[PDB]
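Coming up is one lone chain in C-alpha cells, specifically the form solved without this ligand.
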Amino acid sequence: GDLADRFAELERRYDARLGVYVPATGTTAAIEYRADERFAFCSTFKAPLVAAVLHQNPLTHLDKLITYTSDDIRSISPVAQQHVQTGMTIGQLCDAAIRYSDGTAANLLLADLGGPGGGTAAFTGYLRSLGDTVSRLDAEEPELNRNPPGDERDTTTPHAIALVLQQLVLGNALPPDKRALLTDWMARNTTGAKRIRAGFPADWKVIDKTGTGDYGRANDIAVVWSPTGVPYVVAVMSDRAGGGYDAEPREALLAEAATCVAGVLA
C-alpha cells in the first residue's frame, strides 16, 4: 500500500494541503509528506517559545510577575484578558500560552525573550540554536496567523518543527527539569482533543500544541507514547489556501492524518 497516496487522498477529500513528519527512530521509518514545504506556525510556535524562555532563565524566573494593561490584549487571550489587574507570572504565561494558546501571554513571553522590538528575532535565533535554518518568526500575535500563502514570514516546515519538538521533549535541548515543565504544560493542554489525539487510541499518551489561522490553517505538533512507552514525534500541518483567507480550518483532517500515522506506528 502507499501512505503518501493516502495522504494525497486526504488532501483531495478535504480540499487541503497536508504536511506530515514523524522522525525515524531505532524501531521505525520516518513518515514524510510535504515535509520540506513551508506552513505557517500559527500557535505551534508557543511550545518552542516556552522552551526558549525556560532555556534562557533560571527556574526562579517562573515566579517573575509580568504586568500589562487592557491595551496589550491584541489577539485571542482567554487567560490574560482576565488578569489585567493582577498581572501573571512568567510560569502562568507559559501555562496560558500552551494550554489556552493565549496570544497576549505569547507576546509577553516574546518580549521577555528579546525585549519589545527583539522578541521575534530572539525566538528565530533560539530555533537557529537547535539547528533549524528554515523556520522564521517575523510578527507577533495576531498578525503571525494572517500572512498570505507563499510569504515565508512566520513559517516552519513539518520536518523542522518535528525535529525541534524531538529535541525539546525527547532530546537534550533542555535540562530534564525544564523539559519536564514543558512536557507537563503540553500534557495538560486539551485544545488539540480533536486533532492528533483523536487519531491515536486511548491507550496512547498524546501531548501536543495546536495552531489555527487564516487560509484554513490547522496544525498540531505532538509527542505520543505507545502503550509500551515508546515515544514518537508527530507533526501535522495543514492549510486550505485555495479557499481564500477565510477558508475554514479542518481539525478532522489532522485527526485522519494522525489515524493513518497511528496505523503504521501501532
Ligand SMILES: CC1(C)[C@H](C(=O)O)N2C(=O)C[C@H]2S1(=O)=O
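The numbering used is simple: start at 1 and walk along the sequence shown.
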- Note on the structure: For 115-123 versus 178-186, entry-based mean Cα B-factors point to 115-123
- Task: Report the stretch with the higher mean CA temperature factor, choosing between 67-75 and 154-162 on the basis of the entry.
- Result: 67-75
- Note on the structure: Note to self: of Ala47, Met237, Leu54, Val230, the C-alpha temperature factor tops out at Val230
- Task: Name the one of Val134, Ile98, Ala105, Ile196 with the greatest CA B-factor according to the PDB entry.
- Result: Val134
- Task: Sort the modelled residues of this chain by their C-alpha B factor and say whether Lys209 lands in the lowest, middle or highest third.
- Result: lowest
- Query: Sorting the chain's CA B-factors, does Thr86 end up in the lowest, middle or highest third?
  - Reply: highest
- Quick one: classify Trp225 as lowest, middle or highest third of the chain based on its Cα B-factor. highest
- Query: Comparing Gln92 with the other modelled residues of its chain, is its CA B-factor in the lowest, middle or highest third?
  - Reply: lowest
- Task: Going by the recorded CA B-factors, say which third of the chain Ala173 sits in, lowest, middle or highest.
- Result: highest
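If you look for the form solved in complex with this ligand, you will not find it shown, but the lines that follow are about it.
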- Note on the structure: Answer key: of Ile76, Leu181, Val134, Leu163, within 4.5 Å of this ligand in the deposited complex (heavy atoms) is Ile76
- Taking the partner as it appears in the deposited complex, which of 236-244, 47-55, 30-38, 208-216 has residues with heavy atoms within 4.5 Å of this ligand? 208-216
- Item | Residue contact check: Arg153 to this ligand in the deposited complex, 4.5 Å heavy atom | no
- Message: Can you work out whether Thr157 and this ligand are in contact in the deposited complex, taking contact to mean some heavy atom pair no more than 4.5 Å apart?
- Response: no
- Query: Is there any non-hydrogen atom of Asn145 lying within 4.5 Å of this ligand in the deposited complex?
  - Reply: yes
- Task: Flag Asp112 as yes or no: does it have a non-hydrogen atom within 4.5 angstroms of any non-hydrogen atom of this ligand in the deposited complex?
- Result: no
